[PDB]
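Listed in order, the protein sequences are those of chains A and B. Residue 392 in PDB author numbering sits at position 392 of the first sequence, and the numbers go up by one each step. Residue 123 in PDB author numbering sits at position 123 of the second sequence, and the numbers go up by one each step. We treat Cβ as the ideally placed atom computed from N, Cα and C, and that holds for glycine.
There are 2 protein chains.
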Amino acid sequence: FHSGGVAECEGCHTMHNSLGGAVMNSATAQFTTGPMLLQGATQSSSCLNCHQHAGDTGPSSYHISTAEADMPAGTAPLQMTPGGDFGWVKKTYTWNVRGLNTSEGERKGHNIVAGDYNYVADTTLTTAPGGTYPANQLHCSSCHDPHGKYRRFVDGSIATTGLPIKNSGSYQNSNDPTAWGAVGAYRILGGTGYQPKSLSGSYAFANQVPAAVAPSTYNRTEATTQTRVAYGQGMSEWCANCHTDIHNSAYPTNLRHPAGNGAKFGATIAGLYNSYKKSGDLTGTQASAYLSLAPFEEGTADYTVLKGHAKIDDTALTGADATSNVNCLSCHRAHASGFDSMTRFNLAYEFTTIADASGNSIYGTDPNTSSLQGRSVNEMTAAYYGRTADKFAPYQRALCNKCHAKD
Amino acid sequence: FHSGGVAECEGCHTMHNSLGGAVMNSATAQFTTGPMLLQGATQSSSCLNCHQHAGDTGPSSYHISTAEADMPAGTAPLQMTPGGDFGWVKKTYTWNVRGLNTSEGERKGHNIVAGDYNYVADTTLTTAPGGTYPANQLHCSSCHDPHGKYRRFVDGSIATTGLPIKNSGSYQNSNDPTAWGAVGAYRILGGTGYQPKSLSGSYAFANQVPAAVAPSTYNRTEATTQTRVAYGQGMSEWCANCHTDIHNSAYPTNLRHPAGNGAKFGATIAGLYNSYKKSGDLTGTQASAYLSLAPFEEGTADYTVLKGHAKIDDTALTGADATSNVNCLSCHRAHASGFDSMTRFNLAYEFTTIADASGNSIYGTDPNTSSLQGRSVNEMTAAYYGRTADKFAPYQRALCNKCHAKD
Ligand code: HEC
Ligand code: HEC
Ligand code: HEC
Ligand code: HEC
Ligand code: HEC
Ligand code: HEC
Ligand code: HEC
Ligand code: HEC
Ligand code: HEC
Ligand code: HEC
Ligand code: HEC
Ligand code: HEC
Numbered sequence: 001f002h003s004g005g006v007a008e009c010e011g012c013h014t015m016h017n018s019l020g021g022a023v024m025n026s027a028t029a030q031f032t033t034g035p036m037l038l039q040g041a042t043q044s045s046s047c048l049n050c051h052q053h054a055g056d057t058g059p060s061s062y063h064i065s066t067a068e069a070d071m072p073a074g075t076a077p078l079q080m081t082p083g084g085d086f087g088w089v090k091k092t093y094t095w096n097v098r099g100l101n102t103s104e105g106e107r108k109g110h111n112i113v114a115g116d117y118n119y120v121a122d123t124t125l126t127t128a129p130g131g132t133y134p135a136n137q138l139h140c141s142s143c144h145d146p147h148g149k150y151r152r153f154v155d156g157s158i159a160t161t162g163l164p165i166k167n168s169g170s171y172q173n174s175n176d177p178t179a180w181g182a183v184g185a186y187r188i189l190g191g192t193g194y195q196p197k198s199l200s201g202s203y204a205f206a207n208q209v210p211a212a213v214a215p216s217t218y219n220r221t222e223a224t225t226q227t228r229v230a231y232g233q234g235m236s237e238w239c240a241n242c243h244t245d246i247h248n249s250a251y252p253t254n255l256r257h258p259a260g261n262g263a264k265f266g267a268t269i270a271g272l273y274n275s276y277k278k279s280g281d282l283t284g285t286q287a288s289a290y291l292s293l294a295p296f297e298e299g300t301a302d303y304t305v306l307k308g309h310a311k312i313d314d315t316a317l318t319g320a321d322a323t324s325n326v327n328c329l330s331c332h333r334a335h336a337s338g339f340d341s342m343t344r345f346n347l348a349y350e351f352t353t354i355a356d357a358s359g360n361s362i363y364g365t366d367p368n369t370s371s372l373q374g375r376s377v378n379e380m381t382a383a384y385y386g387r388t389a390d391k392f393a394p395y396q397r398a399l400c401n402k403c404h405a406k407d
Numbered sequence: 001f002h003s004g005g006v007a008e009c010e011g012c013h014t015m016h017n018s019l020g021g022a023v024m025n026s027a028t029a030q031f032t033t034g035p036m037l038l039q040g041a042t043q044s045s046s047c048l049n050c051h052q053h054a055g056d057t058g059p060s061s062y063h064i065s066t067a068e069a070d071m072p073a074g075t076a077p078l079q080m081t082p083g084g085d086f087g088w089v090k091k092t093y094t095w096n097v098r099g100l101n102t103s104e105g106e107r108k109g110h111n112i113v114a115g116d117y118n119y120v121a122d123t124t125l126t127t128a129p130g131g132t133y134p135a136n137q138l139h140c141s142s143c144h145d146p147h148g149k150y151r152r153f154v155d156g157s158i159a160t161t162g163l164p165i166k167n168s169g170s171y172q173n174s175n176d177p178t179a180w181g182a183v184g185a186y187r188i189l190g191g192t193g194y195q196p197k198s199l200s201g202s203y204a205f206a207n208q209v210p211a212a213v214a215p216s217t218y219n220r221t222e223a224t225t226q227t228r229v230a231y232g233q234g235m236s237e238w239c240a241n242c243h244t245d246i247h248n249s250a251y252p253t254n255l256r257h258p259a260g261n262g263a264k265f266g267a268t269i270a271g272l273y274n275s276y277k278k279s280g281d282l283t284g285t286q287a288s289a290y291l292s293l294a295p296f297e298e299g300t301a302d303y304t305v306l307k308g309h310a311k312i313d314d315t316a317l318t319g320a321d322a323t324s325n326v327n328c329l330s331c332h333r334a335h336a337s338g339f340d341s342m343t344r345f346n347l348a349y350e351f352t353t354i355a356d357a358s359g360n361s362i363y364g365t366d367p368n369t370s371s372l373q374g375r376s377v378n379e380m381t382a383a384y385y386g387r388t389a390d391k392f393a394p395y396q397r398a399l400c401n402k403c404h405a406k407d
């Protein structure tokens, strides 16, 4: 559809809301289209009309959210992207240990605005924490560039114009940009000047598009092999481009957890990342010890090495480096994850698992517990992207001790 | 929260000092956390933000200090732990018998550093008496391990890694360490190599974690039954691990009061411990004669016997043994006690009580006396953990004649 840049130009837009007499999208009546001539009531329904295919038997191809008619109150959202399902924003859990605990769905993700799909905007976070960016204006075109104008050339520069776009910058089986044609940006997100016309403020992006290489055929379970995304240089600065006061390139002279190009691993931290396998099983290696729940920047922009370190198979499970950096997106899965702060981690209880009597592991036996937190064992399994009770310690503590071994 | 080891990982730390837009701890402004990313101005406010619940009607659950808004100048701190309240460090008493006497609150406890709770560091004791350990650096993580790394295995060995942690080593209704999972240390204190990263000296712990079994539901008055803590082997050596020159395993070849594994009771001393009930009432027995104000090591590490001799009820009031040792923590309650040298004893006046005219006992009638020492009778009662004028002799001398009968 997109193929690096702008797409089939009626795929998202519509001109008269009519094609063969029929309404092109029933959210608005015929002979009136909607906002910015799009197919939908908002700027995100024109994304969610072929993304979010209603009716799924697993994470299929490129979809990023699951229809509400597919999920009851007993199952998890059924698409496993590196961004995660937006269906997690409509999950409010109530478990009754020593009182009650409400883990509402507002805190689990970016509440995009989509009236026809009941994606209500975030009510508690009225603006972005860090900047002045509104949450009643956040759409899918608010951080992605829907036209995909941003290119990359043979010298790695990124420009809004010049040589035309031939394919996507992600997907390691892509092509290199030539002297006659450019390759589009990684996951066509805007940068260094991007602002939608629908915004009436000084909300211009001032950070470049993040260099990374995602793997093709990425919607998968991670019970067998892990999804390695290259995450090269500018992911933390791009997340800082709208959450201004959050990133931290200098630790400590800000007293925030470091995230940026200057947020290097120590030689101590990189050894603790490579050693950690389970709780107390500090026997890991440089190679064959990687966790997608805590990635790192590997802070170069050499796309040959980035396509080398981007593989669906386990042939590229190299661990940390002393010169490796810290992502924003190390914790905080990008779209939504279902863990009350959009993080990849269960941080509301002290150990993420339960050992059943003869000591193998489970996630629990009952939603009304403190360890499992008002959900099924299948929903906690799918929240860890199909990672079952094994690959973890039986009483494994919170997974953000990966690169400190504070166990 | 902790459950033997490291906890809900945002329970003490914070990453951006923001959650739902609001500041996670108002001692530091938003988008800057504090020292070591903790919730508070110091490393102890991140302990005292859910410990020390402001507003109490007695010793409730697990709290260790009382808020200053709960105590006037007429009442005592209201939590009775085996460590004692840190509120006792802010009690300066002035009684005017033949001049005046100032019993300042610096001498009554470990002055931890907490700027938001006005716990000022100790000014007279600049370092630890016995070592070179500073008092301007003492925090709750300075003698406890805040991550609780130290484990114990099925063979009683203690290691920093190996099998993971499932529960606390204290609390006699705990579980035994299995071949698949370890039990955390007694009262998660560090040992044999513990040193915080915030210290820039050679202050490494070289003594093991003390073997003991504390009783569950311990915050209580002791007007009815006593709180028996097992206190097994290494409490005196662990207190020696930072107060180096103080402990004494060989008496006399040091001329200090003995405290250690080699500081055994004599056959004379163990008989004097069992005989002492009150002043002059030397009629006690082996069984049914125990005082929590003067415990002993019972110097084994057999945790079955230690959980046997750890009971809130009076079913385990066995007295001394000829092979029993002497704690540090026999005198000197651990956190703070309010007796000008952190001891469990009133050692500033010759008899701890007053007989009122027809000879029953009181603690006094007036703070401006020598027997009651500038405090209420209720504050002296709560300083003895709710022990009233009875259970004592009417003119009972200083309680450290328990195991000598030097009355
Ligand atoms: C100028 C006054 C007119 C009139 C009378 C019509 N158009 Fe358009 N049109 C455009 C595109 C891309 C489509 C197909 C997809 C869509 O509707 O968005 C159409 C469709 C129609 C139809 C119906 C055809 C059908 O199959 O039902 C009719 C009757 C029609 N148009 C009439 C594109 C454009 C424009 C592109 C910017 C312009 C201008 C117009 N049309 C203008 C007109
Ligand atoms: C409106 C509902 C949409 C749709 C249809 C998509 N997005 Fe996003 N997206 C964002 C970021 C930072 C990434 C990259 C994360 C990573 O690579 O680890 C993505 C990725 C995607 C994909 C590719 C699948 C993937 O996980 O890589 C797709 C198909 C996709 N998006 C579609 C950022 C955002 C937002 C930032 C606040 C917003 C809103 C959206 N995306 C919205 C949408
Ligand atoms: C990389 C540059 C970023 C950005 C833009 C954000 N984070 Fe974090 N975050 C983490 C945790 C554990 C929480 C919840 C508790 C806490 O704040 O300590 C958060 C919270 C946020 C928010 C606000 C959410 C809210 O409910 O108010 C925002 C806007 C945010 N983050 C942005 C954890 C981490 C990390 C773990 C080590 C990493 C790295 C980052 N976040 C990085 C970023
Ligand atoms: C910062 C204000 C804290 C907090 C919240 C706690 N401590 Fe301590 N502690 C120390 C020792 C040697 C013990 C065991 C004493 C015994 O078992 O007899 C304890 C015990 C505790 C407990 C359990 C309650 C109890 O009395 O057993 C709790 C909840 C607790 N602590 C919390 C030693 C120290 C210190 C040594 C100088 C420092 C400082 C602190 N603790 C600080 C704190
Ligand atoms: C880089 C991909 C980013 C990460 C990681 C996060 N963001 Fe955002 N963000 C924006 C707004 C207006 C909000 C409030 C709306 C809402 O919360 O639904 C947020 C919120 C978050 C949150 C908190 C989610 C919660 O409700 O608890 C997290 C953890 C988060 N964001 C992480 C705006 C923007 C934005 C503007 C165009 C960008 C590029 C990003 N955010 C990027 C990231
Ligand atoms: C085993 C639990 C211990 C007992 C019993 C005592 N200590 Fe300490 N200690 C340390 C410092 C730096 C000081 C000076 C700071 C201050 O006094 O507030 C102290 C002080 C004491 C005192 C005197 C209190 C007074 O002001 O009169 C007593 C009676 C005492 N300590 C008993 C340091 C440390 C430490 C370093 C990490 C450890 C493990 C201990 N102390 C342990 C014990
Ligand atoms: C609303 C304006 C959006 C946004 C923000 C995105 N899409 Fe789609 N999309 C479609 C298909 C078939 C694919 C895979 C094939 C391909 O990428 O060429 C995608 C992929 C994406 C991506 C990933 C691109 C990358 O470089 O990896 C992104 C970021 C994305 N989309 C965003 C199909 C449709 C479609 C109807 C056929 C509609 C409408 C949209 N997409 C709308 C949007
Ligand atoms: C600051 C880093 C600290 C330190 C040094 C300690 N805590 Fe806590 N604590 C909390 C709760 C609910 C309990 C009882 C339940 C349980 O122990 O699992 C405790 C208990 C302790 C202990 C005793 C442990 C033992 O093995 O007996 C100790 C030594 C201790 N704490 C030290 C709750 C909190 C909490 C917020 C919910 C905060 C923050 C802390 N604790 C912080 C600290
Ligand atoms: C889906 C991937 C789209 C395709 C294909 C095209 N457009 Fe688009 N457009 C899309 C969105 C989600 C928005 C809203 C942005 C906002 O400001 O809210 C737009 C907007 C426009 C605009 C408005 C001005 C601007 O955004 O700067 C114009 C003029 C526009 N689009 C033109 C346009 C053309 C010419 C396209 C085909 C070659 C085209 N769009 C395709 C989503 C999508
Ligand atoms: C409260 C009980 C805490 C929890 C839960 C976690 N941490 Fe912690 N941490 C805590 C304190 C009081 C301190 C200060 C120690 C000092 O040196 O002053 C720390 C410190 C750290 C550090 C610094 C390095 C070090 O102390 O050796 C790190 C890297 C750290 N903490 C990591 C960490 C992780 C990964 C945690 C959750 C799994 C975690 N901490 C929880 C108190 C508490
Ligand atoms: C992919 C790496 C990564 C993960 C995930 C991560 N951290 Fe860290 N953390 C680091 C690095 C690197 C440092 C900097 C160490 C240094 O400066 O020596 C650091 C520093 C810290 C510090 C300050 C320590 C110091 O020495 O000053 C704290 C506290 C901390 N992290 C907490 C956390 C918490 C809590 C989590 C779980 C939410 C977490 N981290 C997850 C990599 C990580
Ligand atoms: C729980 C036991 C315990 C308590 C409390 C205790 N002592 Fe002792 N004390 C002993 C033991 C055991 C010895 C060693 C006796 C021996 O070596 O024969 C001893 C020895 C002594 C000695 C040396 C006696 C000798 O024979 O050499 C003195 C003096 C002394 N203690 C004073 C005190 C004082 C003063 C207090 C009150 C602060 C006190 N003790 C509290 C147990 C205790």
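Delimiting residues of the alpha helix (DSSP H) encompassing residue i
i             : result
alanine 383/B : 377-383
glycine 11/B  : 9-12
Whether residue i touches residue j by CB criterion (8 angstroms)
i               : j               : result
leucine 100/B   : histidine 144/B : no
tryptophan 88/B : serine 249/B    : no
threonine 132/A : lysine 149/A    : no
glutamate 298/B : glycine 193/B   : no
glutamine 30/B  : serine 18/B     : yes
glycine 169/A   : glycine 191/A   : no
Residue-level contact to chain A via CB, residue i, 8 angstroms cutoff
i                : result
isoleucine 165/B : yes
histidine 147/B  : yes
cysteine 143/B   : no
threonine 42/B   : no
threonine 217/B  : no
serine 3/B       : yes
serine 46/B      : no
CB contact check: residue i to chain B, cutoff 8 angstroms
i               : result
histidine 257/A : yes
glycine 130/A   : yes
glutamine 396/A : yes
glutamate 237/A : no
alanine 393/A   : yes
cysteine 328/A  : no
Terminal residues of the beta strand (DSSP E) in which residue i lies
i                : result
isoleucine 362/A : 360-362
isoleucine 354/A : 354-356
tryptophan 180/B : Segment: none, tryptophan 180/B is in no beta strand (DSSP E) and carries neither H nor E.
Own chain partners of residue i with C-beta closer than 6 angstroms, once the 5 adjacent residues on each side are dropped
i             : result
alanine 259/B : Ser236, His247, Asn248, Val326 and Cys328
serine 371/B  : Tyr349, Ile354 and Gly364
Sequence-distant residues of its chain with Cβ nearer than 7 angstroms to residue i (five each side left out)
i             : result
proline 177/A : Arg152, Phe153, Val154 and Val183
Close-in-space but distant-in-sequence residues of the same chain around residue i (CB under 8 angstroms, 5 per side omitted)
i               : result
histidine 404/A : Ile269 and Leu272
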